[PDB]
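**Q** Curious how this folds, go ahead:
(chains A, B, C, D, E, F and G)
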Amino acid sequence: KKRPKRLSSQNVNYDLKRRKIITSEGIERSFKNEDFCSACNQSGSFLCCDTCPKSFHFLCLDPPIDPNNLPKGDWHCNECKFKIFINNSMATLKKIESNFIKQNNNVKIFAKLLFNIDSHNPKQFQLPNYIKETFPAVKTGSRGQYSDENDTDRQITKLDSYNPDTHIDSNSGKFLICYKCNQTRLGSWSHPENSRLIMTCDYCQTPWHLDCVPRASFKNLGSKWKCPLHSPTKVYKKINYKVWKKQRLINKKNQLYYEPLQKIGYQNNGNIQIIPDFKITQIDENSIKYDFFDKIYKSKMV
Amino acid sequence: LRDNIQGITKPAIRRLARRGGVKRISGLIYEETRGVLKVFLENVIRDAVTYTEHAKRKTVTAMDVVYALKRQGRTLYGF
Amino acid sequence: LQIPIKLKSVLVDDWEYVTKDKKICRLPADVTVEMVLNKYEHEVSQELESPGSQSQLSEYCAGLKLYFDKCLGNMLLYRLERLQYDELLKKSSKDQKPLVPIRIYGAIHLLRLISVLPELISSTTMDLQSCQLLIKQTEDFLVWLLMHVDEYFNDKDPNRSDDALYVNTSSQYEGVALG
Amino acid sequence: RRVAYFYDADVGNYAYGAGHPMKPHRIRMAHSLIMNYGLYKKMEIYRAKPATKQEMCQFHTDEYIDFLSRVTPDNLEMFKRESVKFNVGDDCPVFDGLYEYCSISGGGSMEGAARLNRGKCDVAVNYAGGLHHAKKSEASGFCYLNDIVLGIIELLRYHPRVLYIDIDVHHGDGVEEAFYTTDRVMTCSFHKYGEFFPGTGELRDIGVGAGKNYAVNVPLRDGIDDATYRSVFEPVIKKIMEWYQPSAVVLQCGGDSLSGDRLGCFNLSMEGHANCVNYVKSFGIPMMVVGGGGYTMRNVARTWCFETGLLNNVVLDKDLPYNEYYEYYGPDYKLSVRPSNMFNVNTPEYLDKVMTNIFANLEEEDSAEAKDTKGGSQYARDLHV
Amino acid sequence: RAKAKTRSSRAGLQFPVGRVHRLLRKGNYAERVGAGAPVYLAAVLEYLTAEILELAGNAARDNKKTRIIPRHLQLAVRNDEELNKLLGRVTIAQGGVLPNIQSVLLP
Amino acid sequence: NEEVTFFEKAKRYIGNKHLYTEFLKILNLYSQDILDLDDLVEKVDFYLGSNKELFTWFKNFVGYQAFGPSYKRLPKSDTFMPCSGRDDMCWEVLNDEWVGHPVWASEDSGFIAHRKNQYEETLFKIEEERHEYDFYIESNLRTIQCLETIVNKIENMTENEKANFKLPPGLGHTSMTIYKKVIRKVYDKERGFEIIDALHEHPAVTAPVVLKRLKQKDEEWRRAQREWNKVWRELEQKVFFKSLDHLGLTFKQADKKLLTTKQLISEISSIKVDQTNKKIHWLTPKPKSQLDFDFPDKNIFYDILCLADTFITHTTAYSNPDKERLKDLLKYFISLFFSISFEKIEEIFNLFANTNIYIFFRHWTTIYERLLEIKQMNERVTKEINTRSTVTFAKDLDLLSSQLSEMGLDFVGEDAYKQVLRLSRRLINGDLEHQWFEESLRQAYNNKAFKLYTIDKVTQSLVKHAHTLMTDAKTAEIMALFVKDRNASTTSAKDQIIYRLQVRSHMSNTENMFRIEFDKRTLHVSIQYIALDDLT
Amino acid sequence: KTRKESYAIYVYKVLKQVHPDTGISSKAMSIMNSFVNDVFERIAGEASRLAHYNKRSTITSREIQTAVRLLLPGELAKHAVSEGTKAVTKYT
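**A** Residues are numbered from 1 along each chain as shown, chains lettered A, B, ... in the order given. There you are, the coordinates:
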């Protein structure tokens, strides 16, 4: 059992490998004794160039060519072919795009902005630095998607072992209390079936049980789980419609703005904040009582 | 501008080695000298760029170069 | 550039539709460059002076069309987004008709184009005096887009009505796109 | 009652991939547990029909079949474009025999559906198929061709209403996504909602349009025993059989739900897996049974033999008959294996809530294919050695 | 007052922000010290510590050792090119050197 | 009737400030006239679902008295995807609009496979080895019978048809892939195409040699498969039951960390603070508590002691009189707590005490409930060990002769309880190996009794929780006070308060006091972690 | 006797976060403590001379970022300041 050499098929092939001895002796008589895409930031079908070590995907090309038939000549690059085609060409000893302006008809506002896209590499949309720093809550991802509610290399639990964890707080030790049920229901070690799984929130640390809300999995390996007690990203109404796609968080030079309006009968399409277009006023509890009084007065006419 | 590693002149490298007391110079010395000068220059220039970008400045002063040389233990006087 | 905060929110929502929700805008777009450039042609002549900047605005629109024709596959058009660019040529290679993106692409691609222009003007010797009115015209475009946010840019979803200028991507187009 | 088995000689003669979890070894050796016991007294054996290009193509697209009928590992380089867009890349390895295995599996599925349609056979069981994780044009969940939806549209010719019960294999979704806006097809699946490779769906998926409140889905956690499986299976099935007036069952047995698998941990023994078909066989509604997966061929062959013995309304003995694959199973030599030591995580408060809100929301080419060559030459009677 | 919460937990860090701030203030490096400087320093130290300990564990995994010894730390430091460049003038006790033999020495 | 007090009542109910801001945002979102009735009722059911009186109070003003995150609709532009053979009603029942993706539910997180440890890994490795070798040999024998079928039909009569026997691909069968597959398997990378082409275009010539290169290969494969199956069955004899265990293998490391006092005090304090809240200003907290323990029989109070003495005679760490004094004190708690004078060894009364005796008693009922679970399946195991025996088809190569648990470790011929207690005593005495006990326990049972895998460990803790029971001054003092107050007849609310105030003022406030209420009615025992109404 | 400042528990919880089943000996842990102290001293000195260069009496996170870009070469600094960036993004 401890010697897999002779016990296995050593004469013919191996445990699974194909030894050469089938090809060596085959009793035959019928022969009668004689790279990486900087503009893609992904991985897949790469295509390089004969002049530069850079590579691009087969799909991001400006001429759409099907991947089952590669272009001939190993696809000389956009830079090299456009520097041997239009850029470095006749009428030397001067700047090439100076004579471009004299070749334009009925267009003058783009003096030199049409020659560059003629002789530049393919490139997908990458977010500008000022736009991505304009929203600090918006950040790039692993290869560069949008990542706000999602979620080093630089070149498990089966029994009642995790349920005792995440019950004693790491900071204070106080028991986190569930909302819908007033019992945390840790369970018994003598009877494991009394143990109940509880969850946590990555935003406001709200406790939630697995029985109050329907969950079965753990959304913690690539997407932050949001408890069903916050403002939704979009609402849906049925009575052509408005979904209220939040308003996003602006932070540059504190551009969120903070001023109390009358806060009632204002119709600011949501967009409120609590203190004890793109206009947001503060909300206190007094205006909450005011506009609920207005709402239940206008709702019940009889 | 895009290809300027040839701006370092081979007889200039010869003069630099003559200042160092070199009697005989091989032909493969020049390329390695250009490479080591390029990597040292880009290290010091990166340090000076970081120094002048901490101060919200777009021009590199001589004091930035002096402090960059002091960071690597190659402090130069006169500036 | 003074991009409006609402318009910045619209652009970030466009990025989140392209990347996370992973949806693709309609090839027969309801809105395109005609109902903005022709709107400028027949709109600015009723409240401003007849001579002066009218001809320069017209040639600016012509230059924007000529730039949008040859810039669609270069400065715009995300990795997922380029898929609809391919078969449009495949239809064009058999129907004996050249393809232009002038009549077929919406205003969000105009937003993308006017958002990628600051990072390429510094590559060449851009003349500031001849282009100051160009940043002025682009900021006119941002304030005009800040004016019209309801009847042009819709926030709807294709789950219940197909009038949101944005439809989902199936696993067929995911497989042939993200390969 | 009358039951029929569909089996081909070269149905286990394939190779799905070297070391890949799902295997084609499960079906053929299962037939070795059919004739060796003596179960052929009620077995109507029909060989799987070699379906052609356009005969089965009423569900999947033309280019999909044109790819799988002209792909070999020898010429994978010139077909690399369709390998990455049809989900036949690293998820599904490319081997010779894809088209023929898919054709015989689809032929067996159509034969079972048509034999249910005539009513000559009360129950049409077939383990040669069982591939349902695929969609209209993709091959996800280690399955290439969806072999249940063609059965659905085959029984839709006569039976206006069908009942699809999906025992957990790999969180199947093709049958659910194929019919979502139609009230004539009812889909349900008891499964595990987790971070699986093909896992889609949610409890909130109830149906839209005309198919509203007819596409229910019951999610469970990682690890459920037989008693809790019965307690969660009984009330929802009783409620939907009360409120639909059923006509046909296309329930699919779970191959990956047994104790011990490469992916998925579900604690059902032979009794727990048998009660799912016992509850729906107590009604007497005619039924066609689809086969399952199974990352371990021995356990899935044992539960398939137990299922085939159970459809004869008899209890097969707790001993396996001798065959050419007699040494595959465990040293106990018993058909009923013991359940694994999985902790019971499914608290019945969540199950009661699922029952409560489920009760709340619920209140060409010779088509109809029943032609294939007769078997009987696939004799699995070897001698002891 | 209120419940005491450390600044490391607010910033998602394990290294102490307050201890780094104390050593910065008592270390007479500057007259005034910003709030984000101890957080940034703690993050940098935590990242460097995690990278070095992960490299040491990787170098000790094939050595059948489940504990970090100074030889493992020396191997992790000198094996990485950027760690060798940063710790160019750094001597590690009880670590020795890398076990490399030149090609001319081997017959 | 009024609505102005509901807001402060809800503010007191929620408690947390930021959750109150979130509730305010949700209620304002409802107030600004875009939210339907379903959204507001489904949000109130989560915000204020703990109480139904305030819910029904809210419903008198307003209220009633589609799909999830996946399955998103596709437009009617890409549906014209021309699928041949589509019938009239095929478009009616099949819709391409609603499709679902795994990456849509994953939300850019990849896919993670649920893999086990190395035992299941090597089990799956040898399982796929078995699959590949069995598929190879069955394809080989199928090709033997296929090539033997098509030789007698053209070898019998004449020879002109031998030279010209042109056939379409398929070899006269419904199969279309298998024979080329095995020619590719048994030949080179470039040869197999021209061997199968010759075969196709010229049979009855290369057929005898392709049978010659397939018969002796089949017989060598059969012999190597027989020896492979021998070593394979020798492997399954150890790894069949080990692959069925996922929590008992980690139970050795688990029992070292969940048997501490901190885990148990956190456990009881969990239900203590579950009982503490939502019981003020409208209800009175009962003196009786939860976490009760039931003792159905009394024979389990002695048999574990047959191990316990067997431990301390085996352990050389303790001195000479330590063993006899431990036995004396343990017989003392046998005598006074259960009110039993003496019984043969088998092979409302309330007490106030502290943490160490509490966790000792907790592991006492843990072992008691482990043995209660063991005796719960004792009848069914003693029923079907008798049906468990070797078959008559396994005598070819002497299966079940690996000497795993045939030394008397099986449950045949005796009761399972007595045999497992004897096996645990053999573990205690050191005659039996630990892994041999683990294999015997996982073989004789259905892998349900995972709790007894570290029993010696826990009874070590037991004697430790006895050895420290009469070591320090404080626990010995309270034990002497309990013995002096033990008259086997205590009346409630008569003399227990004097003892409570005498024992509360002697210890400090750091060590909390717990109480045990035991009565003779079905041997009921309740444990309360009382913290209030004791210092007043 | 007297209390001594050390980086024991912090380095240990970082190690347990990145390697749950790998320990460390006393000598190597002293090496790691001295490494942390030396990198702290180097970054503090670089930030101090940066602040003295600009006549700045305040050392903020920008000084630490500049010091990490200066002393640490290659991309190893960059991820580090990226970590510092999200540290600030978690602090604010």
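**Q** Identify the residue nearest residue D:286 in space, chain neighbours excluded?
**A** Leaving aside its sequence neighbours, residue D:286 sits nearest to residue D:122 (C-beta to C-beta, 6 or more residues apart in numbering or on different chains; 5.5 Å). For the C-beta atoms, the positions are set from N, CA and C on the backbone; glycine is no exception.
**Q** quick one, what contacts that neighbour?
**A** D:1-3, D:286-287 (C-beta atoms under 8 Å, 6 or more residues apart in numbering or on different chains).
**Q** Measure how buried residue 24 is and give me the count.
**A** Assuming you mean chain A. When neighbours are defined as other C-beta atoms under 10 Å in any protein chain shown, residue A:24 has 7 of them.
**Q** hmm, I had chain E in mind actually
**A** Counted with other C-beta under 10 Å, residues neighbouring residue E:24 total 23.
**Q** Now the residue in the stretch 151-300 of chain D that chain E sits nearest to: closest residue in space that isn't a chain neighbour?
**A** Distances between the stretch 151-300 of chain D and chain E by C-beta to the nearest C-beta are smallest at residue D:195, namely 23.5 Å. Nearest residue to residue D:195, sequence neighbours excluded (C-beta to C-beta, 6+ apart): residue F:112, at 5.1 Å.
**Q** wait, isn't that neighbour in contact with residue A:220?
**A** No. Using C-beta atoms under 8 Å, residue F:112 is not in contact with residue A:220, being 11.5 Å away.
**Q** which element is residue F:460 on?
**A** According to DSSP states H and E, residue F:460 maps onto helix F:455-467.
**Q** can you pull the buried residues of that helix?
**A** F:455-456, F:458-459, F:461-463, F:465-467 (16 or more other C-beta atoms under 10 Å in any protein chain shown).
**Q** again, but for stretch C:136-153
**A** Buried-residue list, stretch C:136-153, by 16+ other C-beta under 10 Å: C:137-138, C:141-142, C:145-146, C:149, C:152-153.
**Q** so where does the residue of the stretch 151-300 of chain D closest to chain E fall, helix or strand?
**A** Going by DSSP H and E, residue D:195 is not in any helix or strand.
**Q** and it, what does it touch?
**A** A:217-218, A:221, F:106, F:109, F:111-112.
**Q** and the residue of chain B nearest chain F?
**A** Nearest to chain F, among the residues of chain B, is residue B:53, at 33.5 Å (C-beta to the nearest C-beta).
**Q** so how many other residues sit close to the nearest residue to that residue once chain neighbours are set aside?
**A** In this structure, residue B:53 finds its nearest non-sequential neighbour in residue G:66, 7.8 Å apart by C-beta to C-beta, 6+ apart. By the criterion of other C-beta under 10 Å, residue G:66 has 21 neighbours.
**Q** Now name the helix or strand holding residue G:66.
**A** Assigned by DSSP H and E, residue G:66 belongs to helix G:61-71.
**Q** now do residue F:220
**A** For residue F:220, the host element (DSSP H and E) is helix F:207-242.
**Q** Check which helices and strands that helix is in contact with.
**A** helix F:118-155, helix F:178-186, helix F:191-201, helix F:434-444 (3 or more C-beta pairs under 8 Å, 6 or more residues apart in numbering or on different chains; DSSP states H and E).
**Q** Can you say which of these is packed in most?
**A** helix F:178-186 (a mean of 20; mean count of other C-beta atoms under 10 Å in any protein chain shown).
**Q** Report the angle between it and helix F:191-201.
**A** 150 degrees (axes from the mean of the first three to the mean of the last three C-alpha atoms, to 10 degrees).
**Q** Okay, angle between helix F:178-186 and helix F:207-242 too, please.
**A** Regarding helix F:178-186 and helix F:207-242, their directions subtend 80 degrees when assessed with the same axes, to 10 degrees.
**Q** is helix F:178-186 anywhere near chain A?
**A** Yes. Residues of helix F:178-186 contacting chain A under C-beta under 8 Å from any C-beta of the partner chain: residue F:186.
**Q** Next one: that helix, is it in contact with chain D?
**A** Yes. Using C-beta under 8 Å from any C-beta, we find that helix F:178-186 touches chain D at F:178, F:180-181, F:184.
**Q** helices or strands up against that helix?
**A** Here helix F:178-186 touches helix F:118-155, helix F:191-201, helix F:207-242, going by 3+ C-beta pairs under 8 Å, 6+ apart.
**Q** Which of the contacts of residue D:122 are buried, as a PyMOL select command?
**A** Of those, the buried ones go into a single PyMOL selection, burial set by 16+ other C-beta under 10 Å:
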select buried, chain D and resi 3+286+287
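**Q** Now go through the contacts of residue D:122 and say which are in strands.
**A** Among those, the subset assigned to strands under DSSP state E consists of D:3, D:287.
**Q** Out of the contacts of residue D:122, which two sit at the greatest distance?
**A** D:2 and D:287 (11.9 Å; C-beta to C-beta).
**Q** what do the two both touch?
**A** Residues touching both residue D:2 and residue D:287 (C-beta under 8 Å, 6+ apart) are D:122-123.
**Q** got the residue ranges for the helices in the stretch 151-300 of chain D?
**A** When assigned using DSSP state H, counting those that start in this stretch, the helices of the stretch 151-300 of chain D occupy the ranges D:174-178, D:226-242, D:270-281, D:297-310.
**Q** Check chain E too.
**A** With DSSP state H as the criterion, chain E has helices at E:7-10, E:17-26, E:36-61, E:70-79, E:81-86.
**Q** Just put these in a markdown table and tack on distance to residue C:120.
**A** Output for these, formatted as a markdown table (distance: least, C-beta to C-beta, whole Å):
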| stretch | distance to residue C:120 |
| --- | --- |
| helix E:7-10 | 41 |
| helix E:17-26 | 42 |
| helix E:36-61 | 34 |
| helix E:70-79 | 43 |
| helix E:81-86 | 34 |
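**Q** Need the winner for burial among these.
**A** Comparing the helices of chain E by mean count of other C-beta under 10 Å gives helix E:36-61 as most buried, with a mean of 24.
**Q** Please find the angle between the direction vectors of that helix and helix G:61-71.
**A** Angle, helix E:36-61 to helix G:61-71, by the same axes, to 10 degrees: 40 degrees.
**Q** ok, how many other residues are close to residue 55?
**A** Went with chain A since none was named. Applying other C-beta under 10 Å, I find that residue A:55 has 18 neighbouring residues.
**Q** The intended chain is chain D.
**A** Neighbours of residue D:55 under the rule other C-beta under 10 Å: 19.
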